[PDB]
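One chain comes next, on its own, written out as structure tokens in the form deposited in one PDB entry.
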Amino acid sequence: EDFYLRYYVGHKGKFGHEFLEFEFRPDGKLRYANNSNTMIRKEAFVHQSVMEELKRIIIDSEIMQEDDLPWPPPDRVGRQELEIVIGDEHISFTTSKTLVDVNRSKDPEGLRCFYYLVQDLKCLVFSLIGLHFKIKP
């Protein structure tokens, strides 16, 4: 009832739309979408404890205190979006695709945190989807 999570990474262009995206809606419905280039569209409801786990992971990462202005912006090579709502706070971060790169950029600590949180979240989603439907990236 008070949590929302959305992650997207991909590229749109003349050869179509290449991307991955998952959304955890407030009522616990998980939507998983993946465009190769093959296409996967899957939906399922996760128990409240999965939702609370995600909330915990995010809170522990402390990504909510970061900001994306210092980060590389999205370009026409790729783009990623991390959108989260936890109580009163709402973030909708944006940057390019994806590590050594983050280190020599502005706010390496923040971009590193973003990087690891995205890997931890992907990991949970891949486990949920992989096991519940027998699928994968």
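Residue indices: 1-based, along the sequence shown. Only residues modelled in both forms are compared. Think of the rigid core as the biggest set of C-alphas that the two forms share within 1.5 Å after superposition.
Omitted here: the form deposited in another entry. The next part is about that form.
Core-superposed comparison between the shown form and the other one: the Cα of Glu18 travels 2 Å or more.
In the other entry, the Cα positions of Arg25 and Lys12 lie at least 3 Å farther from each other than in the form displayed. Distance between the C-alpha atoms of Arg25 and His17: longer in the other entry than here (change of 3 Å or more). Shifted stretches between the shown form and the other one, defined as 3+ consecutive common residues each with a CA displacement of 2 angstroms or more after rigid core fitting, are listed in sequence order as 11-18, 135-137.
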